[PDB]
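Protein chains in written order, with the entry's author numbering: chain AN, 2 to 151; chain AW, 2 to 130; chain AX, 1 to 143.
No residue lacks a Cβ here, since even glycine has one placed at the ideal position from N, Cα and C.
Each remark here refers to the structure printed beneath this line.
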Amino acid sequence: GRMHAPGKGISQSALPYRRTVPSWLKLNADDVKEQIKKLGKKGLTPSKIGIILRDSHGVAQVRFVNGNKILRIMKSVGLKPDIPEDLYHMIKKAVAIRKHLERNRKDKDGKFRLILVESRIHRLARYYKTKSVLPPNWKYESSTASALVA
Amino acid sequence: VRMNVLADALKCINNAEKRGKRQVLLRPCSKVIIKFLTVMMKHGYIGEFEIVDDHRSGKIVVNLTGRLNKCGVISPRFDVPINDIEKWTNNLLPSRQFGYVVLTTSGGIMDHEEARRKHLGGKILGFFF
Amino acid sequence: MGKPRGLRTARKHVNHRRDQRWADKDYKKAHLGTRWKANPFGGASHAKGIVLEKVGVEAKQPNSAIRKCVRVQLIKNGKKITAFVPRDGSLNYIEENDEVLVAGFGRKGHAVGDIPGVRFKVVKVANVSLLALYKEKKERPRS
RNA sequence: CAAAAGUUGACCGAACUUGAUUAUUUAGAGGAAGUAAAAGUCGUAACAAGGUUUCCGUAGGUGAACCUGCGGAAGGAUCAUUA
RNA sequence: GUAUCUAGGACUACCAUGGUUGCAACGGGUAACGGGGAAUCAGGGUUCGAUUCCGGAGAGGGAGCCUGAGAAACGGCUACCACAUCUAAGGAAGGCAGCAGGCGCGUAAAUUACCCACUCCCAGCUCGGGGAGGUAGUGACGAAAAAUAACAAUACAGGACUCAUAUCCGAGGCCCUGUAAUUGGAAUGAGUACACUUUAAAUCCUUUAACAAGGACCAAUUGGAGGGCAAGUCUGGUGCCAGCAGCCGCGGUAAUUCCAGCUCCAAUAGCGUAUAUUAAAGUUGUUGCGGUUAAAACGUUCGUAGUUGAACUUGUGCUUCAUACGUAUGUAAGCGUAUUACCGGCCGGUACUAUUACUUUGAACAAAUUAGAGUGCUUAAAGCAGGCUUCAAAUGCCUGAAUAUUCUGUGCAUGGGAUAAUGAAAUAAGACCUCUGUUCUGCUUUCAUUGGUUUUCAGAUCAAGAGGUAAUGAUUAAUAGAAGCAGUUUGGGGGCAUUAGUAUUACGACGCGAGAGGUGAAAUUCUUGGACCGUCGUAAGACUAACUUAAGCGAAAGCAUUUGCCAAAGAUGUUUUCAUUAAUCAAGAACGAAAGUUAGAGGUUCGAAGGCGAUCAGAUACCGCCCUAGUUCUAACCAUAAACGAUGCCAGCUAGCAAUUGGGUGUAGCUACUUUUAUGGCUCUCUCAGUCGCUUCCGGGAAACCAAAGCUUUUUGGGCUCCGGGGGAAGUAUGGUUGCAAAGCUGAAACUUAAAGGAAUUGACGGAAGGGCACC
């Protein structure tokens, strides 16, 4: 229940039942493989391909209209990110609080936060090594981490 | 985290038996749950229960009758041979007359009064009386 | 709540009890075993001793009397004892600095009655069995 | 031919002087505590608004209990209206 | 390599840098020989095992070694040490933890007896030897069996009884019951001893001729009589003495406890006392404790070890018979098919197989013990014997000497696939049963014997095709979690910049006068012409009122002027993404009010200490004045608090009602005017995330109470961690470790003691409110 900060809330997205539907959707499985390649070449994450394939185009769920996921599409077209998106924004957050602090010292909250967000890294840098999506000998260092955002 | 998923159907049946409800909405429907209530259904301690399906985990709406008192769940699943199966029927079962200890033997989930007939031993699941 | 209720936690369950039977006040004479340290005899049942005095231990409040005890030095270890002689008279059976078989006092280490902190009891003085002396069921050794 | 006493050297190595350390027991001027505790002297700190509400953390001070400062708490003497 | 019987760092030589541990290595302790087993309860268990059987060690200490098949032997030797002996003084010799003894030690342990007859061992051996073994004396460790009377009229009363008569009453009373140093009748064996038997011999028991009870004799005790706890308000003595007493308590001059006497009770050849141990003890708790207030939730969160982790992946059908009784259903097979390649007559034998955990059935392994069926040792504890027309001949076969559990546990077989982990096909294996090779590695048979030359065969393995039909291969997206997002936000959340506000002190001036401050009352203290007051003005440091809440935010500590910036965050919105990434956590890590410390600034008010003034019997206090460290800002240290919700954390459930902060949503609402509008406000409706109150359990609790302190049920089970075990001593002593230090974390025991404590009732219309009286 919010694993590092003790609010207990629930919100989410709720998928509906009928996995097959819609039938009226004029967009087929072929062109979204192009359109993900069209949008993913602009360097967007699999999430922000989804919420723009959803609103504008607009397909409800890409797993339904195509027998893969949005990430698993992007690997099959050679658009693989070197670091996955969850470890990215948790690194990219962790490098901001490590940049705010080197100027603004004396802030115990951003010291305590960066403990709470470097701890989420080393547990998700640890799951990504057993499933071997990222290689072994992979310790996120807090020094060289600035270079792996831009 | 939701550790034991058998257990809190049995604390939703027993909890909603005490206040005397007639229908009970479990979540999220193990196939050890349905094997358990069917053991409770051959003895009539439960109504006919319907499994309202999702593509997530399952949800059961159970009909209650009002014949039972307590369905519990022996966590962890202690390994119960046939020889120490009698030890538990003193403890969990309130009389030599009635009551049941559901256990998973390898030949399918049965209560003790079947496994002491089919000469099977297994691990314990729960009980009811 | 509390216990490590898994099925593979019998290591925690035995290392917990091992570490928490020390707080069982009476199972700290299995563990620390102070018998050879604080008992006046080194863990035995009885003790032969040699009387040194005749101590008139006065009674504790709210009972007034004077208990007429006896301060023994043993022969076992050279500890010191204040023992006790019961059942009125029988200080007249002491014949001082002659040997005594003191014994435990039946509350397993504490003084019992109105006696303050005296933990023992004479059972034989000069080998003639004091309970066989109030009747004088056997003869007192006098010469 | 064989072979004793003797003998050279490696080895096993008692034992004893030392040096150490370990585990125990113990002596001691003085000092400073605890308990017995009943009857001593002085005060009256706490329990009632115990006559300065009581306690907590810390810090200084005082014959003694204790007193004072800063921040807590109610286990308070207020579950609080009263526009 | 050497050595050994042999492996081996066993040892040497060179060379490698390894091994081990929070799943407890290493060191320490042991009043430690290990096991069989013993003690004790319903289970679960604690405790014990020096001791007869098995394994191991040792013969005063350590070391050494000969003979041997076997000994690092000690009823072999060799030293040395210790202890000790005979010595004519030169020398010589010692080893009971074998038996029986002796000294010691201690609370604590038998006779310097007999025998190889038994069991078996030994030699050359049928014979010899064997204080092994067996007999005996000693022997209330222990366990079993059982002697202290039995019977009879009167008896002396109770009672029925027949009956008079009945709130009475007696007699015919009597099955009875007792009392009867009344009367008896006396029934028998401890004695008792011929002789037997038993035995190596002898004794003991069993048989036994003779001998053996009116109690005084053949003569039971040991503890107690307030309660616990069975059983005298009996008499005398003693008077807080003597004593009793496990606990609670008796005795302080009429003792239901003391000293006795009478009585009485409990067990009884047994009983008391001590220490130990077990059960009582759900007071060590896995079953099974407790933690708001009784002892007990770390200040906070992070977090490895560890423990624990959602759902999903061959299930009932359909037909039959076996099968309970028209039916039922529990049956096996057919049939949504590796119900499996072959040969045999549905049938043997074969060819032929993802594990693990758990479970079924087996094997394997000494008895004794234990559980125990069999068996009249006179019964019994034991024992492993024993039965039997044989009645008049025995020939008279066998029951036997079971069977499972402590020989738990590991380990080994086999049945099962529920539960539970692991495992596949995504920088590549979908296959081909395969004529198969488009690799070549070959490999042995026939070339009688044997190969140079090479094919079949290619037993083969690995390339190998484009012999690629391939449904070709990727489970759901948890009201798990992390992540994203015109998002829309919201908040005393955090940091730094910016500024504001009155007020306080001070200082200036201007004016006015002499009193001003303070207290219950004073005084210390300030002030002549100018304090205090008024007034405008300057400088300062501190603090953020009113708004202000049962309002928000934060991990806890904590957090309020404006604004700019700065990274952060919960919630909601989400047909976005990832797909178990999770829970909780020893060690460890960060944060931590106040006080305090080190250095630097500042320094208004307040102000530990200090000094006064009072007050008081005293006052090192409260009250009053002066102020110093401190308070404040950056730099670090400290690491605690009633750090409190005296309530760890994650998850689900079990009820109303009222508010109430965010966000969402519908007005089939008003209202704003920019306009009927639209943004904004309000009201109504619904929903998340909640929070706070009440109402109640129709749940719990010792209660006060609690919507969790509930579902802790009836011996209960959602995970996980920390903690408590009568009160003191004592957060002390000592060791380690951290700190500049203050101190922090770890942390006892000797000793002491029976209560200490929790919650609630009733006692003060006894120094507290609110009432209400009267001339004690």
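In the three-state reduction of the DSSP assignment, AW/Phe-37 falls in the helix class, which pools H, G and I.
Looking from the CA of AW/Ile-83, the closest CA among AW/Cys-72, AW/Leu-26, AW/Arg-97 and AW/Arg-118 belongs to AW/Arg-118. Burial state of AX/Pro-40 is buried, judged by a 10 Å Cβ sphere holding 16 or more other Cβ atoms.
Annotation for AX/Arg-71: the continuous beta strand (DSSP E) segment containing it runs 69 to 74.
At a C-beta separation below 7 Å, AW/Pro-82 has no neighbours in chain AX, since its nearest C-beta there lies roughly 15 Å away. Judged by DSSP in its simplified three-state form, AX/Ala-103 adopts strand. For chain AX, the residues of the region 64 to 95 of chain AW that bring a beta carbon within less than 9 Å of one of its beta carbons are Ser-76, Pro-77, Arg-78, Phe-79 and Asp-80, in chain order. The beta-carbon distance between AX/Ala-59 and AX/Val-72, rounded to whole angstroms, is 20 Å. This is too long to meet the 8 Å contact definition.
Against chain AW, the CB of AX/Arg-87 has no partner CB under 8 Å away; the residue lies outside that interface.
The continuous stretches of beta strand (DSSP E) do not include AX/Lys-37, which lies in the alpha helix (DSSP H) extending over residues 35 to 38.
AN/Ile-52 counts as exposed, since fewer than 16 other C-beta atoms from the protein chains shown sit within 10 angstroms of its C-beta. If you check the CB distance, AW/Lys-36 and AW/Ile-110 come in under 8 Å. AW/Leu-93 has its alpha-carbon roughly 20 Å from the corresponding atom of AW/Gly-67. Here AX/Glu-95 is exposed, its C-beta having fewer than 16 other C-beta atoms within 10 Å.
In terms of Cβ geometry, AN/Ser-48 and AN/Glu-86 form a close pair [threshold 8 Å]. Only residues of its own chain outside the window of five on either side were considered, and among them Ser-31 have a CB closer than 6 Å to the CB of AW/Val-6, listed in chain order. A distance of 8 Å or more separates the beta carbons of AW/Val-74 and AW/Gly-122. Residue pairing from DSSP places AW/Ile-110 in a beta bridge opposite AW/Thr-105. Secondary structure of AW/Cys-13 (DSSP, three-state): helix. AW/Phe-50 has its alpha-carbon roughly 11 Å from the corresponding atom of AW/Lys-60.
Straight-line measurement puts the Cα of AX/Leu-131 at about 25 Å from the Cα of AX/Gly-43. With the rule of 3 Cβ pairs closer than 8 Å, the region 137 to 151 of chain AN counts as touching the region 90 to 97 of chain AN. The region 55 to 66 of chain AN and the region 102 to 117 of chain AN do not touch, with fewer than 3 CB-CB distances between them shorter than 8 Å. Within the region 1 to 27 of chain AX, contact with chain AW at the beta-carbon level (separation under 8 Å) is assigned to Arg-5, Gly-6 and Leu-7. At the C-beta level, AW/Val-63 and AW/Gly-48 come within 8 Å of one another. In the three-state DSSP reduction, AW/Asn-91 falls in the helix class (H, G or I).
Distances from the CA of AW/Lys-22 to each of AW/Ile-52, AW/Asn-91 and AW/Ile-14 were compared; the closest alpha carbon is that of AW/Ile-14. For the pair AX/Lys-108 and AW/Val-102, the Cα-to-Cα distance works out to about 49 Å. AW/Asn-64: not part of any alpha helix (DSSP H); member of the beta strand (DSSP E) spanning 60 to 64, first to last residue.
DSSP, reduced to helix, strand and coil, places AX/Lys-124 within a strand of the structure shown. Secondary-structure assignment with DSSP links AX/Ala-47 through a beta bridge to AX/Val-102. The beta carbons of AX/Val-123 and AX/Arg-140 sit no closer together than 8 Å. In the structure shown, AN/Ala-126 adopts helical secondary structure according to DSSP, grouped into three states. The alpha carbon of AX/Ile-75 has as its nearest neighbour, out of AX/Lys-68, AX/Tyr-93, AX/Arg-87 and AX/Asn-97, the alpha carbon of AX/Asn-97.
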